[PDB]
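structure26.tsv (TSV, N, CA and C atoms and all ligand atoms)
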chain	number	residue	atom	x	y	z
N	200	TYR	N	8.26	-8.96	-2.72
N	200	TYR	CA	7.00	-8.40	-3.17
N	200	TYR	C	5.90	-8.79	-2.18
N	201	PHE	N	5.18	-7.78	-1.70
N	201	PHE	CA	4.14	-7.94	-0.70
N	201	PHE	C	2.84	-7.78	-1.46
N	202	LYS	N	2.13	-8.89	-1.62
N	202	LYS	CA	0.92	-8.93	-2.42
N	202	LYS	C	-0.29	-8.78	-1.50
N	203	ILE	N	-1.13	-7.80	-1.82
N	203	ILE	CA	-2.40	-7.55	-1.15
N	203	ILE	C	-3.49	-7.91	-2.15
N	204	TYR	N	-4.25	-8.95	-1.83
N	204	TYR	CA	-5.41	-9.35	-2.60
N	204	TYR	C	-6.65	-8.95	-1.81
N	205	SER	N	-7.65	-8.39	-2.49
N	205	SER	CA	-8.79	-7.84	-1.78
N	205	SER	C	-10.09	-8.19	-2.49
N	206	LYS	N	-11.15	-8.27	-1.70
N	206	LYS	CA	-12.50	-8.48	-2.22
N	206	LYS	C	-13.50	-7.87	-1.26
N	207	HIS	N	-14.50	-7.18	-1.81
N	207	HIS	CA	-15.58	-6.61	-1.02
N	207	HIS	C	-16.86	-7.35	-1.36
N	208	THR	N	-17.57	-7.80	-0.32
N	208	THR	CA	-18.78	-8.57	-0.52
N	208	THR	C	-19.93	-7.99	0.29
N	209	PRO	N	-21.09	-7.74	-0.32
N	209	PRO	CA	-22.27	-7.32	0.45
N	209	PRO	C	-22.84	-8.53	1.18
N	210	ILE	N	-22.83	-8.48	2.51
N	210	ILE	CA	-23.33	-9.59	3.32
N	210	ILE	C	-24.39	-9.07	4.27
N	211	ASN	N	-25.18	-10.01	4.80
N	211	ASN	CA	-26.23	-9.67	5.75
N	211	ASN	C	-26.28	-10.65	6.92
N	212	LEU	N	-25.19	-11.35	7.19
N	212	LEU	CA	-25.15	-12.32	8.28
N	212	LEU	C	-24.74	-11.57	9.54
N	213	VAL	N	-25.31	-11.97	10.68
N	213	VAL	CA	-25.15	-11.17	11.89
N	213	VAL	C	-23.80	-11.40	12.56
N	214	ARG	N	-23.41	-12.65	12.79
N	214	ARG	CA	-22.29	-12.90	13.70
N	214	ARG	C	-21.06	-13.51	13.03
N	215	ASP	N	-21.20	-14.64	12.35
N	215	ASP	CA	-20.05	-15.40	11.87
N	215	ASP	C	-19.75	-15.07	10.41
N	216	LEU	N	-18.80	-15.81	9.83
N	216	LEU	CA	-18.49	-15.66	8.42
N	216	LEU	C	-19.61	-16.26	7.57
N	217	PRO	N	-19.95	-15.63	6.45
N	217	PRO	CA	-20.93	-16.23	5.53
N	217	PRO	C	-20.35	-17.44	4.82
N	218	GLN	N	-21.24	-18.34	4.41
N	218	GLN	CA	-20.85	-19.53	3.67
N	218	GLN	C	-21.12	-19.30	2.19
N	219	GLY	N	-20.06	-19.32	1.40
N	219	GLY	CA	-20.17	-19.07	-0.02
N	219	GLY	C	-18.78	-19.02	-0.64
N	220	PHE	N	-18.74	-18.60	-1.90
N	220	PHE	CA	-17.49	-18.53	-2.64
N	220	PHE	C	-17.30	-17.12	-3.18
N	221	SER	N	-16.11	-16.56	-2.97
N	221	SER	CA	-15.78	-15.24	-3.51
N	221	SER	C	-14.28	-15.17	-3.71
N	222	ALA	N	-13.85	-15.09	-4.97
N	222	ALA	CA	-12.43	-15.04	-5.28
N	222	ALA	C	-11.90	-13.63	-5.05
N	223	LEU	N	-10.71	-13.55	-4.47
N	223	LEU	CA	-10.12	-12.26	-4.13
N	223	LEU	C	-9.29	-11.77	-5.31
N	224	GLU	N	-9.65	-10.61	-5.84
N	224	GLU	CA	-8.85	-10.06	-6.92
N	224	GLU	C	-7.58	-9.43	-6.36
N	225	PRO	N	-6.46	-9.54	-7.06
N	225	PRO	CA	-5.24	-8.85	-6.61
N	225	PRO	C	-5.41	-7.35	-6.68
N	226	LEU	N	-5.08	-6.69	-5.58
N	226	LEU	CA	-5.27	-5.25	-5.46
N	226	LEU	C	-3.95	-4.51	-5.61
N	227	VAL	N	-2.96	-4.83	-4.78
N	227	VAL	CA	-1.70	-4.09	-4.77
N	227	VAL	C	-0.56	-5.10	-4.80
N	228	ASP	N	0.34	-4.94	-5.77
N	228	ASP	CA	1.58	-5.69	-5.81
N	228	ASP	C	2.63	-4.70	-5.31
N	229	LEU	N	3.20	-4.94	-4.14
N	229	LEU	CA	3.93	-3.89	-3.46
N	229	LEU	C	5.42	-4.19	-3.39
N	230	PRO	N	6.29	-3.33	-3.93
N	230	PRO	CA	7.76	-3.55	-3.90
N	230	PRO	C	8.49	-3.06	-2.65
N	231	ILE	N	8.50	-3.86	-1.59
N	231	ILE	CA	9.10	-3.44	-0.33
N	231	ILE	C	10.51	-4.01	-0.13
N	232	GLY	N	10.69	-5.31	-0.34
N	232	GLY	CA	11.98	-5.95	-0.11
N	232	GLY	C	12.46	-5.93	1.32
N	233	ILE	N	11.57	-6.14	2.29
N	233	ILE	CA	11.96	-6.15	3.70
N	233	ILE	C	11.46	-7.43	4.35
N	234	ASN	N	12.04	-7.73	5.51
N	234	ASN	CA	11.67	-8.90	6.30
N	234	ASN	C	10.42	-8.60	7.13
N	235	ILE	N	9.43	-9.48	7.07
N	235	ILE	CA	8.21	-9.37	7.87
N	235	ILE	C	7.99	-10.69	8.58
N	236	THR	N	7.92	-10.65	9.92
N	236	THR	CA	7.60	-11.85	10.70
N	236	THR	C	6.47	-11.65	11.70
N	237	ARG	N	6.02	-10.42	11.95
N	237	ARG	CA	5.00	-10.17	12.96
N	237	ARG	C	4.17	-8.97	12.51
N	238	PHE	N	2.87	-9.01	12.81
N	238	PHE	CA	1.96	-7.98	12.33
N	238	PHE	C	0.99	-7.59	13.44
N	239	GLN	N	0.33	-6.44	13.25
N	239	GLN	CA	-0.67	-5.96	14.18
N	239	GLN	C	-1.65	-5.06	13.43
N	240	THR	N	-2.94	-5.30	13.59
N	240	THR	CA	-3.95	-4.50	12.90
N	240	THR	C	-4.30	-3.24	13.70
N	241	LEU	N	-4.84	-2.25	12.99
N	241	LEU	CA	-5.17	-0.95	13.55
N	241	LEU	C	-6.68	-0.76	13.59
N	242	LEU	N	-7.20	-0.41	14.76
N	242	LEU	CA	-8.61	-0.14	14.97
N	242	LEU	C	-8.81	1.36	15.18
N	243	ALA	N	-10.07	1.77	15.29
N	243	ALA	CA	-10.40	3.18	15.50
N	243	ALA	C	-11.30	3.28	16.73
N	244	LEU	N	-10.97	4.21	17.62
N	244	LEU	CA	-11.78	4.47	18.79
N	244	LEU	C	-12.94	5.41	18.48
N	245	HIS	N	-13.95	5.38	19.35
N	245	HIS	CA	-15.05	6.32	19.34
N	245	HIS	C	-15.02	7.08	20.66
N	246	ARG	N	-15.00	8.40	20.59
N	246	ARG	CA	-14.91	9.24	21.78
N	246	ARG	C	-16.21	10.01	21.97
N	247	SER	N	-16.67	10.07	23.22
N	247	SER	CA	-17.87	10.82	23.55
N	247	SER	C	-17.67	11.64	24.82
W	546	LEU	N	8.55	-10.54	-24.38
W	546	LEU	CA	7.85	-11.74	-24.81
W	546	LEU	C	7.91	-11.77	-26.33
W	547	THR	N	8.48	-12.82	-26.89
W	547	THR	CA	8.71	-12.90	-28.32
W	547	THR	C	7.75	-13.94	-28.89
W	548	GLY	N	7.44	-13.82	-30.17
W	548	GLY	CA	6.58	-14.81	-30.78
W	548	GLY	C	6.13	-14.38	-32.16
W	549	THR	N	5.40	-15.29	-32.81
W	549	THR	CA	4.87	-15.05	-34.14
W	549	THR	C	3.37	-15.35	-34.15
W	550	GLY	N	2.61	-14.48	-34.80
W	550	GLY	CA	1.18	-14.69	-34.88
W	550	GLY	C	0.48	-13.49	-35.49
W	551	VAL	N	-0.83	-13.65	-35.67
W	551	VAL	CA	-1.72	-12.60	-36.14
W	551	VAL	C	-2.42	-11.98	-34.94
W	552	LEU	N	-2.38	-10.65	-34.86
W	552	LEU	CA	-2.97	-9.92	-33.75
W	552	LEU	C	-4.35	-9.45	-34.20
W	553	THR	N	-5.38	-9.87	-33.48
W	553	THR	CA	-6.76	-9.57	-33.86
W	553	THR	C	-7.53	-9.00	-32.68
W	554	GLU	N	-8.70	-8.44	-32.99
W	554	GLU	CA	-9.61	-7.97	-31.96
W	554	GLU	C	-10.16	-9.16	-31.18
W	555	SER	N	-10.55	-8.92	-29.93
W	555	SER	CA	-11.02	-10.01	-29.09
W	555	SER	C	-12.24	-9.57	-28.30
W	556	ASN	N	-12.97	-10.56	-27.80
W	556	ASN	CA	-14.16	-10.33	-26.99
W	556	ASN	C	-14.01	-10.95	-25.60
W	557	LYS	N	-12.77	-11.15	-25.15
W	557	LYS	CA	-12.50	-11.73	-23.85
W	557	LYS	C	-12.45	-10.62	-22.81
W	558	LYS	N	-13.36	-10.67	-21.84
W	558	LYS	CA	-13.48	-9.62	-20.83
W	558	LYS	C	-12.38	-9.81	-19.78
W	559	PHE	N	-11.21	-9.23	-20.07
W	559	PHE	CA	-10.09	-9.30	-19.15
W	559	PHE	C	-10.36	-8.43	-17.93
W	560	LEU	N	-9.95	-8.91	-16.77
W	560	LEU	CA	-10.04	-8.10	-15.58
W	560	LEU	C	-8.86	-7.13	-15.54
W	561	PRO	N	-9.02	-5.96	-14.87
W	561	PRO	CA	-7.95	-4.93	-14.84
W	561	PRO	C	-6.54	-5.41	-14.52
W	562	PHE	N	-6.38	-6.29	-13.54
W	562	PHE	CA	-5.07	-6.83	-13.21
W	562	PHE	C	-4.52	-7.70	-14.34
W	563	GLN	N	-5.40	-8.47	-14.99
W	563	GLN	CA	-5.01	-9.44	-16.02
W	563	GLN	C	-4.34	-8.75	-17.20
W	564	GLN	N	-3.21	-9.30	-17.63
W	564	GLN	CA	-2.45	-8.73	-18.74
W	564	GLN	C	-2.44	-9.67	-19.94
W	565	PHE	N	-1.98	-10.90	-19.78
W	565	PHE	CA	-1.90	-11.81	-20.91
W	565	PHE	C	-2.74	-13.05	-20.62
W	566	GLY	N	-2.76	-13.95	-21.60
W	566	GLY	CA	-3.52	-15.18	-21.49
W	566	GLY	C	-2.68	-16.33	-21.98
W	567	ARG	N	-2.95	-17.52	-21.45
W	567	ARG	CA	-2.15	-18.68	-21.78
W	567	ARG	C	-3.04	-19.86	-22.14
W	568	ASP	N	-2.58	-20.62	-23.13
W	568	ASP	CA	-3.22	-21.83	-23.60
W	568	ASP	C	-2.70	-23.02	-22.80
W	569	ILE	N	-3.10	-24.22	-23.24
W	569	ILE	CA	-2.70	-25.46	-22.58
W	569	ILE	C	-1.18	-25.63	-22.64
W	570	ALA	N	-0.57	-25.26	-23.77
W	570	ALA	CA	0.88	-25.35	-23.95
W	570	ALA	C	1.66	-24.33	-23.14
W	571	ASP	N	0.98	-23.31	-22.59
W	571	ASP	CA	1.45	-22.18	-21.75
W	571	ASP	C	1.99	-21.08	-22.67
W	572	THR	N	1.87	-21.26	-23.98
W	572	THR	CA	2.21	-20.22	-24.94
W	572	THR	C	1.16	-19.12	-24.89
W	573	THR	N	1.61	-17.87	-25.02
W	573	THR	CA	0.71	-16.73	-24.92
W	573	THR	C	-0.30	-16.71	-26.07
W	574	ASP	N	-1.59	-16.59	-25.72
W	574	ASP	CA	-2.67	-16.57	-26.70
W	574	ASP	C	-3.35	-15.22	-26.83
W	575	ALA	N	-3.19	-14.35	-25.83
W	575	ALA	CA	-3.72	-13.00	-25.85
W	575	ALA	C	-2.76	-12.17	-25.02
W	576	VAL	N	-2.72	-10.87	-25.31
W	576	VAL	CA	-1.77	-10.00	-24.65
W	576	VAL	C	-2.38	-8.61	-24.53
W	577	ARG	N	-1.96	-7.86	-23.52
W	577	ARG	CA	-2.40	-6.49	-23.38
W	577	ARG	C	-1.23	-5.62	-23.83
W	578	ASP	N	-1.47	-4.80	-24.84
W	578	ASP	CA	-0.38	-4.01	-25.39
W	578	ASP	C	-0.09	-2.83	-24.47
W	579	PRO	N	1.18	-2.50	-24.23
W	579	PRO	CA	1.49	-1.28	-23.49
W	579	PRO	C	1.09	-0.05	-24.30
W	580	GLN	N	1.14	1.10	-23.61
W	580	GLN	CA	0.86	2.46	-24.11
W	580	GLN	C	-0.62	2.70	-24.40
W	581	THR	N	-1.33	1.70	-24.94
W	581	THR	CA	-2.72	1.86	-25.34
W	581	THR	C	-3.65	0.95	-24.53
W	582	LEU	N	-3.10	0.03	-23.72
W	582	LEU	CA	-3.79	-0.84	-22.77
W	582	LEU	C	-4.85	-1.76	-23.40
W	583	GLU	N	-4.96	-1.81	-24.72
W	583	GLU	CA	-5.96	-2.64	-25.39
W	583	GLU	C	-5.55	-4.12	-25.31
W	584	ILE	N	-6.52	-5.00	-25.52
W	584	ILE	CA	-6.32	-6.44	-25.42
W	584	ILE	C	-6.35	-7.03	-26.83
W	585	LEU	N	-5.20	-7.51	-27.29
W	585	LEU	CA	-5.04	-8.10	-28.61
W	585	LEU	C	-4.99	-9.62	-28.49
W	586	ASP	N	-5.83	-10.31	-29.26
W	586	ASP	CA	-5.77	-11.76	-29.30
W	586	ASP	C	-4.65	-12.18	-30.25
W	587	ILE	N	-3.94	-13.24	-29.88
W	587	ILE	CA	-2.82	-13.75	-30.66
W	587	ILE	C	-3.20	-15.12	-31.21
W	588	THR	N	-3.35	-15.21	-32.52
W	588	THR	CA	-3.75	-16.45	-33.16
W	588	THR	C	-2.56	-16.91	-33.99
W	589	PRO	N	-2.04	-18.13	-33.77
W	589	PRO	CA	-0.90	-18.62	-34.57
W	589	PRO	C	-1.16	-18.60	-36.07
W	590	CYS	N	-0.13	-18.23	-36.83
W	590	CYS	CA	-0.23	-18.14	-38.28
W	590	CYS	C	-0.49	-19.50	-38.92
W	591	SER	N	-1.30	-19.47	-39.98
W	591	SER	CA	-1.75	-20.64	-40.72
W	591	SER	C	-0.61	-21.52	-41.19
W	592	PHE	N	-0.77	-22.83	-41.01
W	592	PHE	CA	0.23	-23.79	-41.41
W	592	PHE	C	-0.46	-25.11	-41.71
W	593	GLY	N	0.24	-25.98	-42.42
W	593	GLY	CA	-0.31	-27.29	-42.71
W	593	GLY	C	0.55	-28.04	-43.70
W	594	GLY	N	0.05	-29.21	-44.08
W	594	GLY	CA	0.86	-30.16	-44.80
W	594	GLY	C	0.74	-30.11	-46.31
W	595	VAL	N	1.85	-29.89	-47.00
W	595	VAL	CA	1.86	-29.76	-48.45
W	595	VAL	C	2.04	-31.16	-49.00
V	601	LIG	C1	13.72	-12.24	9.37
V	601	LIG	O1	13.95	-12.02	10.77
V	601	LIG	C2	13.98	-13.21	11.57
V	601	LIG	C3	14.16	-12.77	13.01
V	601	LIG	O2	13.52	-11.53	13.25
V	601	LIG	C4	15.10	-14.13	11.08
V	601	LIG	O3	15.07	-15.34	11.84
V	601	LIG	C5	14.90	-14.44	9.61
V	601	LIG	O4	15.99	-15.23	9.13
V	601	LIG	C6	14.82	-13.14	8.80
V	601	LIG	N1	14.60	-13.43	7.39
V	601	LIG	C7	15.20	-12.76	6.41
V	601	LIG	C8	14.85	-13.19	5.01
V	601	LIG	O5	15.99	-11.84	6.63
V	602	LIG	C1	2.16	5.14	-21.70
V	602	LIG	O1	1.90	3.91	-21.00
V	602	LIG	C2	1.08	4.06	-19.83
V	602	LIG	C3	0.99	2.70	-19.18
V	602	LIG	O2	2.02	1.84	-19.64
V	602	LIG	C4	-0.28	4.64	-20.22
V	602	LIG	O3	-1.05	4.88	-19.04
V	602	LIG	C5	-0.11	5.93	-21.00
V	602	LIG	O4	-1.38	6.38	-21.48
V	602	LIG	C6	0.84	5.74	-22.18
V	602	LIG	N1	1.06	6.99	-22.88
V	602	LIG	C7	1.03	7.11	-24.21
V	602	LIG	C8	1.27	8.48	-24.76
V	602	LIG	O5	0.81	6.14	-24.94
Kindly present the structure from the file in structure tokens form.
Ligand SMILES: *[C@@H]1O[C@H](CO)[C@@H](O)[C@H](O)[C@H]1NC(C)=O
Ligand SMILES: *[C@@H]1O[C@H](CO)[C@@H](O)[C@H](O)[C@H]1NC(C)=O
Amino acid sequence: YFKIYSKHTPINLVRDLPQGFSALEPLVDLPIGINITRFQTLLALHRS
Amino acid sequence: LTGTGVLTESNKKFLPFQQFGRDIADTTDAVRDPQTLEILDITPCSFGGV
């Protein structure tokens, strides 16, 4: 089971992480049953 | 989940993910019923010493 816990917070700090407390609610309990050892995030380009 | 008790209305604001509730003993004290998704409080039936 691949658990995704998520939280959205309105922040106004410019550069670093804000200092505070925010508990992440469980979002998706996912039934995959596969081996995971390495990951990579996906970004989006801007074209002009 | 098996047990004995009186099922009553409750005022506990359960979060969407949350289904049941547990006391200190870890016995279920509130439950979310399937099909109707409502939150029923479980209060143990009255007992005492005769
Ligand atoms: C997952 O894969 C790694 C190597 O890619 C292996 O060492 C590990 O034992 C695997 N785990 C499971 C649960 O299959
Ligand atoms: C059946 O249960 C699902 C969730 O368990 C619920 O969304 C649905 O409304 C229920 N249907 C009826 C007819 O009770």
Could the residues of chain N within 8 Å of chain W, counting all atoms listed in the file, be given as a PyMOL selection string, please? chain N and resi 224-226
With 8 Å of padding per side, what axis-aligned box (centre and edge lengths, Å, one decimal) covers all the listed atoms of ligand LIG 602 (chain V)? Give it as JSON.
{"center_x": 0.4, "center_y": 5.2, "center_z": -22.0, "size_x": 19.5, "size_y": 22.6, "size_z": 21.9}
Grab me every residue within 7 Å of ligand LIG 601 (chain V), counting only N, CA and C atoms and all ligand atoms, and send it over as a list in words. residues 233, 234, 235 and 236 of chain N
Store the residues picked out above, limited to N, CA and C atoms, as a PDB file, in the coordinates of the input.
ATOM      1  N   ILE N 233      11.570  -6.140   2.290  1.00  0.00           N
ATOM      2  CA  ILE N 233      11.960  -6.150   3.700  1.00  0.00           C
ATOM      3  C   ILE N 233      11.460  -7.430   4.350  1.00  0.00           C
ATOM      4  N   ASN N 234      12.040  -7.730   5.510  1.00  0.00           N
ATOM      5  CA  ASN N 234      11.670  -8.900   6.300  1.00  0.00           C
ATOM      6  C   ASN N 234      10.420  -8.600   7.130  1.00  0.00           C
ATOM      7  N   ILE N 235       9.430  -9.480   7.070  1.00  0.00           N
ATOM      8  CA  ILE N 235       8.210  -9.370   7.870  1.00  0.00           C
ATOM      9  C   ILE N 235       7.990 -10.690   8.580  1.00  0.00           C
ATOM     10  N   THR N 236       7.920 -10.650   9.920  1.00  0.00           N
ATOM     11  CA  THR N 236       7.600 -11.850  10.700  1.00  0.00           C
ATOM     12  C   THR N 236       6.470 -11.650  11.700  1.00  0.00           C
TER      13      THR N 236
END
Neighbours of ligand LIG 602 (chain V) at 6 Å or closer, counting only N, CA and C atoms and all ligand atoms: which residues, as a PyMOL selection string? chain W and resi 579-581
So what do you get for atom N of residue 592 (chain W) versus atom N of residue 550 (chain W), distance-wise? 10.9 Å
What would region 219-236 of chain N look like with N, CA, C and O atoms restored, written as a PDB file, in the frame of the given file?
ATOM      1  N   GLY N 219     -20.060 -19.320   1.400  1.00  0.00           N
ATOM      2  CA  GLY N 219     -20.170 -19.070  -0.020  1.00  0.00           C
ATOM      3  C   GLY N 219     -18.780 -19.020  -0.640  1.00  0.00           C
ATOM      4  O   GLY N 219     -17.789 -19.357   0.009  1.00  0.00           O
ATOM      5  N   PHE N 220     -18.740 -18.600  -1.900  1.00  0.00           N
ATOM      6  CA  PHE N 220     -17.490 -18.530  -2.640  1.00  0.00           C
ATOM      7  C   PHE N 220     -17.300 -17.120  -3.180  1.00  0.00           C
ATOM      8  O   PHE N 220     -18.222 -16.555  -3.778  1.00  0.00           O
ATOM      9  N   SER N 221     -16.110 -16.560  -2.970  1.00  0.00           N
ATOM     10  CA  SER N 221     -15.780 -15.240  -3.510  1.00  0.00           C
ATOM     11  C   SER N 221     -14.280 -15.170  -3.710  1.00  0.00           C
ATOM     12  O   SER N 221     -13.521 -15.208  -2.735  1.00  0.00           O
ATOM     13  N   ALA N 222     -13.850 -15.090  -4.970  1.00  0.00           N
ATOM     14  CA  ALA N 222     -12.430 -15.040  -5.280  1.00  0.00           C
ATOM     15  C   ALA N 222     -11.900 -13.630  -5.050  1.00  0.00           C
ATOM     16  O   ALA N 222     -12.550 -12.642  -5.388  1.00  0.00           O
ATOM     17  N   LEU N 223     -10.710 -13.550  -4.470  1.00  0.00           N
ATOM     18  CA  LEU N 223     -10.120 -12.260  -4.130  1.00  0.00           C
ATOM     19  C   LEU N 223      -9.290 -11.770  -5.310  1.00  0.00           C
ATOM     20  O   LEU N 223      -8.351 -12.442  -5.742  1.00  0.00           O
ATOM     21  N   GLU N 224      -9.650 -10.610  -5.840  1.00  0.00           N
ATOM     22  CA  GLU N 224      -8.850 -10.060  -6.920  1.00  0.00           C
ATOM     23  C   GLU N 224      -7.580  -9.430  -6.360  1.00  0.00           C
ATOM     24  O   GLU N 224      -7.611  -8.872  -5.258  1.00  0.00           O
ATOM     25  N   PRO N 225      -6.460  -9.540  -7.060  1.00  0.00           N
ATOM     26  CA  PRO N 225      -5.240  -8.850  -6.610  1.00  0.00           C
ATOM     27  C   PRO N 225      -5.410  -7.350  -6.680  1.00  0.00           C
ATOM     28  O   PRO N 225      -5.809  -6.798  -7.712  1.00  0.00           O
ATOM     29  N   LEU N 226      -5.080  -6.690  -5.580  1.00  0.00           N
ATOM     30  CA  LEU N 226      -5.270  -5.250  -5.460  1.00  0.00           C
ATOM     31  C   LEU N 226      -3.950  -4.510  -5.610  1.00  0.00           C
ATOM     32  O   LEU N 226      -3.829  -3.623  -6.458  1.00  0.00           O
ATOM     33  N   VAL N 227      -2.960  -4.830  -4.780  1.00  0.00           N
ATOM     34  CA  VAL N 227      -1.700  -4.090  -4.770  1.00  0.00           C
ATOM     35  C   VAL N 227      -0.560  -5.100  -4.800  1.00  0.00           C
ATOM     36  O   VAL N 227      -0.491  -5.993  -3.955  1.00  0.00           O
ATOM     37  N   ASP N 228       0.340  -4.940  -5.770  1.00  0.00           N
ATOM     38  CA  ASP N 228       1.580  -5.690  -5.810  1.00  0.00           C
ATOM     39  C   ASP N 228       2.630  -4.700  -5.310  1.00  0.00           C
ATOM     40  O   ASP N 228       2.903  -3.701  -5.991  1.00  0.00           O
ATOM     41  N   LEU N 229       3.200  -4.940  -4.140  1.00  0.00           N
ATOM     42  CA  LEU N 229       3.930  -3.890  -3.460  1.00  0.00           C
ATOM     43  C   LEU N 229       5.420  -4.190  -3.390  1.00  0.00           C
ATOM     44  O   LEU N 229       5.802  -5.220  -2.824  1.00  0.00           O
ATOM     45  N   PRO N 230       6.290  -3.330  -3.930  1.00  0.00           N
ATOM     46  CA  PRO N 230       7.760  -3.550  -3.900  1.00  0.00           C
ATOM     47  C   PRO N 230       8.490  -3.060  -2.650  1.00  0.00           C
ATOM     48  O   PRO N 230       9.066  -1.964  -2.592  1.00  0.00           O
ATOM     49  N   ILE N 231       8.500  -3.860  -1.590  1.00  0.00           N
ATOM     50  CA  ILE N 231       9.100  -3.440  -0.330  1.00  0.00           C
ATOM     51  C   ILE N 231      10.510  -4.010  -0.130  1.00  0.00           C
ATOM     52  O   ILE N 231      11.442  -3.269   0.178  1.00  0.00           O
ATOM     53  N   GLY N 232      10.690  -5.310  -0.340  1.00  0.00           N
ATOM     54  CA  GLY N 232      11.980  -5.950  -0.110  1.00  0.00           C
ATOM     55  C   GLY N 232      12.460  -5.930   1.320  1.00  0.00           C
ATOM     56  O   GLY N 232      13.659  -5.719   1.561  1.00  0.00           O
ATOM     57  N   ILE N 233      11.570  -6.140   2.290  1.00  0.00           N
ATOM     58  CA  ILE N 233      11.960  -6.150   3.700  1.00  0.00           C
ATOM     59  C   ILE N 233      11.460  -7.430   4.350  1.00  0.00           C
ATOM     60  O   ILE N 233      10.582  -8.122   3.833  1.00  0.00           O
ATOM     61  N   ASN N 234      12.040  -7.730   5.510  1.00  0.00           N
ATOM     62  CA  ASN N 234      11.670  -8.900   6.300  1.00  0.00           C
ATOM     63  C   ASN N 234      10.420  -8.600   7.130  1.00  0.00           C
ATOM     64  O   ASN N 234      10.358  -7.565   7.810  1.00  0.00           O
ATOM     65  N   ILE N 235       9.430  -9.480   7.070  1.00  0.00           N
ATOM     66  CA  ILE N 235       8.210  -9.370   7.870  1.00  0.00           C
ATOM     67  C   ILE N 235       7.990 -10.690   8.580  1.00  0.00           C
ATOM     68  O   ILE N 235       7.887 -11.740   7.934  1.00  0.00           O
ATOM     69  N   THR N 236       7.920 -10.650   9.920  1.00  0.00           N
ATOM     70  CA  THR N 236       7.600 -11.850  10.700  1.00  0.00           C
ATOM     71  C   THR N 236       6.470 -11.650  11.700  1.00  0.00           C
ATOM     72  O   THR N 236       5.995 -12.650  12.257  1.00  0.00           O
TER      73      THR N 236
END
